[PDB]
Amino acid sequence: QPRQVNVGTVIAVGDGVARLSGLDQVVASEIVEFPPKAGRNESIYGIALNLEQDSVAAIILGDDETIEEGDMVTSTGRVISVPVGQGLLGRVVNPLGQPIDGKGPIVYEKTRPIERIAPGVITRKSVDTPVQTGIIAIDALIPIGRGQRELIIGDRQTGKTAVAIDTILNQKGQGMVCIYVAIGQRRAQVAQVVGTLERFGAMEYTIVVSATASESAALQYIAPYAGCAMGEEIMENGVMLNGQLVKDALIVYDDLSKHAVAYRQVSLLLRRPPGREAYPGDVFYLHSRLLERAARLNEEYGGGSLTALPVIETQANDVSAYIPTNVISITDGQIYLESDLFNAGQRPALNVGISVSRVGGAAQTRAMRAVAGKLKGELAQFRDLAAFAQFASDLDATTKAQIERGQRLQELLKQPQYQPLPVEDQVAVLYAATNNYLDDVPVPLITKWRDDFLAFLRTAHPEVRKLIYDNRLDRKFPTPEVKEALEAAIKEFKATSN
Amino acid sequence: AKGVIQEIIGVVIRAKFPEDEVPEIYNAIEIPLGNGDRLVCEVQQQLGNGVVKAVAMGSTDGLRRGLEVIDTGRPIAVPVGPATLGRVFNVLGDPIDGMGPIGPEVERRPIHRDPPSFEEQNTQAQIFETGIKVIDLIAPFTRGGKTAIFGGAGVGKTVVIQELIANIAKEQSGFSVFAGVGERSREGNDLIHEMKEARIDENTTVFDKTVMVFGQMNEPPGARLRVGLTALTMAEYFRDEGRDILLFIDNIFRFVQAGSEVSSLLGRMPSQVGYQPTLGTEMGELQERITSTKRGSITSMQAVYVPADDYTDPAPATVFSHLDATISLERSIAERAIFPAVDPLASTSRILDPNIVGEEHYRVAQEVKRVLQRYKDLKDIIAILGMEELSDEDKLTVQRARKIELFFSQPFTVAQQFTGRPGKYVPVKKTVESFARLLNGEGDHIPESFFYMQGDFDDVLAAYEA
Amino acid sequence: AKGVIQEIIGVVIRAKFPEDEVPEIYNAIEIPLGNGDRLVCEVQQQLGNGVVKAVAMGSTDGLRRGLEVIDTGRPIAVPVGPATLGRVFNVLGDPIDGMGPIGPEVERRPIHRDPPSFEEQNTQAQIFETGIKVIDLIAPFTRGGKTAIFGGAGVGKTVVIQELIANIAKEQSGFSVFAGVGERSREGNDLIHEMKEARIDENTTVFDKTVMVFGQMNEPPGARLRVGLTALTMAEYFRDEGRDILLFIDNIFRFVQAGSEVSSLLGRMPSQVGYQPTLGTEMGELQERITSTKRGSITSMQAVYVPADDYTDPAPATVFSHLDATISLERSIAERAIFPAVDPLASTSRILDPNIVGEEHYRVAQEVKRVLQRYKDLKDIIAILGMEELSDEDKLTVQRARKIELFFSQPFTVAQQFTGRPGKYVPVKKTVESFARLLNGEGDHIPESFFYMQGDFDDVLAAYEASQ
Amino acid sequence: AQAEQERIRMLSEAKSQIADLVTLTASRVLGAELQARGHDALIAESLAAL
Amino acid sequence: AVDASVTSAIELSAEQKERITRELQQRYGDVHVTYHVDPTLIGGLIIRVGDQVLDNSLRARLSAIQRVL
Ligand SMILES: Nc1ncnc2c1ncn2[C@@H]1O[C@H](COP(=O)(O)OP(=O)(O)OP(=O)(O)O)[C@@H](O)[C@H]1O
Ligand SMILES: [Mg+2]
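Section: the interface of chain A and chain B
Next up, step 1: Facing 46 residues of chain A, the contacting portion of chain B comprises 41 residues.
Next up, step 2: Together chain A and chain B conceal approximately 3900 Å² of surface at their shared face, both sides included; 54% is due to carbon and sulfur atoms.
Next up, step 3: When residues of chain A are sorted by the area they lose upon contact with chain B, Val121, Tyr285 and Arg358 of chain A head the list and together hold 18% of the total.
Next up, step 4: With its nearest N and O atoms 2.5 Å apart, the salt bridge here joins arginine 358 of chain A to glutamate 187 of chain B.
Next up, step 5: There are 15 residue pairs in polar contact connecting chain A and chain B.
Next up, step 6: For the side of chain A that touches chain B, the secondary structure elements donating two or more residues are β5 (46-52), α7 (283-292) and α8 (322-330) of chain A.
Next up, step 7: Here the residues of the side of chain A that touches chain B are counted per class, giving 19 nonpolar, 14 polar and 13 charged.

This is how it looks when you write it as structure tokens:
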């Protein structure tokens, strides 16, 4: 089967960027091959980004130490694409779809091209189905729904990856196919994340796309569009998960600041004009292309969804930087994690004062929506009154009790790691706390009280948990039926212990 | 009038034309794609010999370095007319809704037009009758003016927009145009289309009286740059027809950002913090078309997003240089069940002076917002004193301030089918008279929850007597 | 082979080679330089018709245009094996000690090698006791994992590194490698030599188990750029055959700065504050080689210098994501005469987990951070008003925080040269017990001045009894 | 379920080895023939087919 | 002119070199044909003229690999 393909010659290879000379009729984002030669028995692909006149500046998806001036490049007609489908679940693949966990070749039949236009303007639908993070703070105060892109922004080490991993672990039976995209993240950390996911059995529905720091800047640049294409295939065609056709995907970009750094590197090596903070001009366009592909399509287009959780580290909590403000503008919600709250014992470390979710109550179950309104109001008023709490000691009994209640709620939100709470459990705990059943419990023992209460419901009364989970969608969740056998359980637990 | 593409660097395409057939500065290019459709580029710079540098308006992930280009001669042509009513369009004017394409019989007008001359500008500012009490009392609009919204989601900004569209469509013809410039596709679309198709007024949906043009963040910088001009062209057709138009631009800051990205990709040197050198002129070429001539007026109610909270940023400064009033929706007012969350403070207007609204309007608007000028700073003394068991006059001023805050709410004709309450339209004269009587003291001897959700002071009196 | 020099821009040498014999990207080309000694350059880019841009890694200030360059055809090769033990090398692998050159029979390995793949990564780690209270309590030194200290110019990064080496290099259970990519040739080296040769392990000195590659500050940017890779190649041989390796690379920031200077001379477009566009990739290539794999374990300990006192600088910001245990040295703490100068709030570690370090250790560390977090919250209140306005419990937490801050200070055996206080080695168990006792309430009566530069809590109590 | 996945992944690995082995032995059937007999002129014409 | 390049594992006769030369002279003109052997490539219908190349002798073997995998 002889075929004739256009070829060019590498006239200048540098820091992972090569000028390919004559490659006429090359598409603007092809995959040039660099065929194997003496000393290199494999192929090193590259992306033909700049289609200049009498020169094609192409980044290299791999080690450029082997490309030599005068080498041939065959312009494969295919625009950059990644393998997608059922075969990728449970595999760690570099952004080109090649497995790196050494568990065998990736089995696939369809290759969805990365860098695709948004799913549509009218094709989307209102976000209604919640994404159960398993963290009380996120699920109650900053809800995340299927098809909503929620940013996880914080300082260098506050729990961003921990929150993303907890969310990924929690989607055990919720019909979600989580995707973890590691951009610029050290290979040992990706190994740790894979080990954590495998330990909790969460690698039977997770795809890990890793472009570590040592790998070329082009791989990190196309790292989030790989994986985003995988999630697009999941939300448009579905993947067989636990015998059910799951069409919901959850993608976590491990760090978009490192992705922006990689794009800045590939742009500056291409000698494109810089912009603010040396980033190229269209970095907002970069991240908007990446994030607007996360949507909840209507029933006519499949009814699938793709939930994105971009992660951004901020230098010295400088939210007003370039990339943080860009991605804050792009996303539909923000989750600020502070080192000050993290050190003060608040383990999830969410700054609920400034963390917002524009979707709001529409991304919460009716039980959660009915119970968490009082939570949010009381927490906001406690934050307001913290000014008096810090100094004034002559405040009336009302203010003292209200500060005490705020502390009760804050200690309630102090969740450990790798212990997600299902929706029924969070609903039960928040109903107990917001209905004054927790007032007599001292603050230092509230976490132990919650753990013991959950053991109580898991062992003594599984039926109340089943009842709460069964009718969590009704318009009026606190029906006398659900109201009884729950207040009874709380009263029994209170009487028996302490 | 056919050329060849030379360079393709991102969304900037350099095309070489014959020497005597070079496209004009703002003409379209319409690169034909293999699978039937076309990629409409917009020229930005004539340079060299027969070479033009154009912005993509599209992906440009499938173009070689030899594709032919078909100059159109005219700038981006967009359908205008009653046919383009109740439909959703992109930057190029191609309808992106499920309905069929626009027929060729509809007139196509160039996207770029000069603003009305100085001779046609009105020599006296005129208040715009919106019907909302808080809007028409503290921060009145301007006929052919601009207004900004500073509020996130969940504060009812969409409902305020819907009420404005319904009021302008009922009281006057009020054809409305909505410009989605760089807004989230989830918020801008399918939470505006559905909330306006479901919303109805006199068995006619709000969406049927509104033209929507949507350039979202996923689109290239050129699309978000020219979506505003597309919306202005659609509104300007109806303005030339003599009908008053309410034009909404969502996140004009995204229009500024699109301009900045276009300039950065075009090789222009940055200005200030990376922004385009032609910032003021680009704002002028768009905001100056929003003006009230003698035959018609285009009132604008834009939404402004400031990066972080920096109002010193050049984009908000240039936006604010072209503003006549600001409306600041507040989370606290929204969560206090008062649906119109327009903060009585932080909502200014340049029409609020005696020489336009009138001496009585200014007087009543100054008596109000004065008892609130402190933001009821008395709240702190109550907090740390238990009201001191007696505050003398302060009790009366607190009661009056709470009464006014409750009274600022007004029923929504678009939310009538949601909250089950008919909407009341309150003219400006009714607003000023009602608030004058309330400040005189006729609102006294009436408890709260009777000024919560009503149209006029007469309605409050009727509720009290019943 | 046999090219000619076209341009000599700084330490970057552009050479022209025949069309069909252009050197590879990372080949090592040489100028004869006369006198029988040659200058070894490293190629970085290929520019066209046989023209390559190479980094001199040498003086490159006495050679003209048109000089011939010889292409070796291989990247820079350095000796590896037991022959490198107890010897001091350049970036080029040439020994600089008084002993003779390495024999040809010793294997030469290229200094540009791929980092271990994803399969080979070893995630198993455990606490490495070091005897420093703040390090072993707040940011445990991780065995088999990368850890580094971030300090300014006046803080004692070198003192901490030297004390760490003195504490842990005697009981190595394996060889070690030291690489001062950028550091004073006075205290970074030629004084670590005396310390290592003085220490004796059963009639074999610590220096007999150490490979030392410097490329000191005096060296041109190329040597500082590639000395880290040379040290990594020298240590990967020992890691690959199973030997436990202690790796001490000093001032990675100097490696970054050398890369920045080389990139500026190479004509690359600057990024951020004059740094190279390829900062992240260079950091990845160096750091991903410092990994404990399934064949052997490398217990890395790096140092990072923050320019001025800016922790938002691109180099430390890039380092932060490549570490298991982060130690932050602050200028204010050092100016308060707290020589360790470690900020517990800004210093974290991955193995600070109850399942790894111990439940009591984890609880103690979390409490010692929640205190001093309350103190950082009340710093302004204290500064402008004073201690009186705080509540009683807030007051007690504040003096407990000040006592803890004073107690983190610890004398170092290497600090005898300018401080007369004898050094102390506090085991991690003693540190945990002391801090638990201090947090319980014991030691409240003791004034804060008694916690300054002491060992465990027993020493503080003994000093209090001595002063009655 | 993991054991079934382990079994099926070894079948793919076994099949991959077969594909790798057959091509290496395909160098014996014709590549080794190129030593003496494989020198052909009609194949050179096949290059000039175009 | 146009620089063409053809490679083959077999070192055909010197006349064969001429046979390769004049079968390409029919297209364009005095093409500067460069000859290699490529021992690692046991085959290959390598015909590289200008910016276009033709090749399938062992690529069919690689294509067979793609089919079986
Ligand atoms: N309950 C908790 N929730 C969140 N984080 C926790 C919790 N308990 C401990 N941690 C800390 O969070 C760490 C997990 O990594 P984390 O999510 O903070 O990384 P990161 O923000 O991605 O930072 P890096 O820049 O180092 O990659 C743990 O090692 C521990 O220090
Ligand atoms: Mg992380």
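Here the narrative resumes, following the displayed structure.
Thoughts on the packing of aromatic side chains
Next up, step 1: Taken as a whole and judged by the stated rule, the model has 36 aromatic pairs over all chains.
Next up, step 2: Relative to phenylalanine 451 of chain C, the ring of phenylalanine 407 of chain C has its centre 5.7 Å away and its plane inclined at 65°; by these criteria the two rings are edge-to-face. Linking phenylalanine 407 of chain C in helix α11 (residues 392-407) with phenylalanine 451 of chain C in the loop between α12 (428-440) and α13 (457-467), this pair joins segments that are 44 residues apart in sequence.
Next up, step 3: Put simply, the rings of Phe407, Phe408, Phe435, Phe451 and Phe457 of chain B pair up and form one aromatic cluster.
Next up, step 4: Against the face of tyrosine 279 of chain A rests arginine 264 of chain A, its NZ or CZ located 4.6 Å from the ring centre.
Next up, step 5: Seen from the ring of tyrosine 375 of chain C, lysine 379 of chain C lies directly overhead, with NZ or CZ sitting 4.8 Å from the centre.

Notes on the interface of chain C and chain A
Next up, step 1: Counting residues at the interface gives 60 residues for chain C, matched by 48 residues for chain A.
Next up, step 2: Interface area, chain C with chain A, both sides summed: about 4600 Å², of which 49% is carbon and sulfur.
Next up, step 3: The largest contributions to the chain C side of the interface with chain A come from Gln46, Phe118 and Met269 of chain C, which together make up 16% of the buried area.
Next up, step 4: Here chain C and chain A share 3 salt bridges between them.
Next up, step 5: Note that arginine 268 of chain C and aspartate 15 of chain A form a salt bridge whose closest N and O atoms lie 2.5 Å from each other.
Next up, step 6: Going through the elements one at a time, β4 (39-46), α6 (279-287), α7 (314-320) and α10 (359-384) of chain C are the ones with two or more residues in the side of chain C that touches chain A.
Next up, step 7: Of the residues forming the side of chain C that touches chain A, the biggest block, 10 residues, is contributed by α10 of chain C.
Next up, step 8: Residue composition of the side of chain C that touches chain A, by class: 21 nonpolar, 22 polar and 17 charged.

Quick notes on a negative patch on the surface
Next up, step 1: Taken together, the side chains of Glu42 and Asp63 of chain A together with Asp114 and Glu285 of chain C define an acidic patch exposed on the protein surface.
Next up, step 2: Here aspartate 63 of chain A lies in the loop between β6 (55-60) and β7 (72-79).

Describing the sheet that holds strand β6 (residues 68-71) of chain C
Residue and element names in this part refer to chain C.
Next up, step 1: Around the barrel, 6 strands lie side by side as β1-β2-β5-β4-β3-β6; this closed barrel has antiparallel pairing. Pairwise comparison of adjacent strand axes, ignoring direction, gives a mean angle of 45° for this sheet.
Next up, step 2: For strand β1 (residues 3-9) and strand β2 (residues 12-16), the ladder comprises 5 bridges, and the chain directions are antiparallel. Across the sheet, residue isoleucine 8 finds its bridge partner in β2, namely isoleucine 13.

Cut-offs applied
Residues numbered from 1 in each chain as written, not as in the entry; some residues may be left out. Chains lettered and ligands numbered in written order. Part of a larger assembly, values for the part shown. Heavy atoms only, no water. Residues with missing side-chain atoms left out of burial classes, pairs and counts. Contact = heavy atoms within 4.5 Å. Buried area = accessible area lost by both parts, 1.4 Å probe. Salt bridge = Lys/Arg side-chain N within 4 Å of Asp/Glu carboxyl O. Polar contact = N/O pair within 3.5 Å; in protein donor to acceptor, adjacent residues only side chain to side chain. Helix = DSSP H or I, 4+ residues; strand = E, 2+ residues; numbered from the N terminus. Nonpolar A, V, L, I, M, F, W, Y, C, P; charged D, E, K, R; others polar. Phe/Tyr/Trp six-rings, centres within 6.5 Å; stacked < 30°, edge-to-face > 60°. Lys NZ or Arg CZ within 6 Å of the ring centre and 35° of its normal. Patch = residues over 30% accessible without salt bridge, like charges linked within 9 Å, V, L, I, M, F, W, Y side chains within 5 Å. Areas by Shrake-Rupley, 256 points an atom, 1.4 Å probe, with all protein chains shown as cover. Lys, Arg positive; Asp, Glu negative; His and termini not counted. Charge placed at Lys NZ, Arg CZ, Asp CG, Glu CD. Pairing = 2+ DSSP bridges. Axes fitted to C-alpha atoms, helices over the stretch in contact; angles between N-to-C directions.

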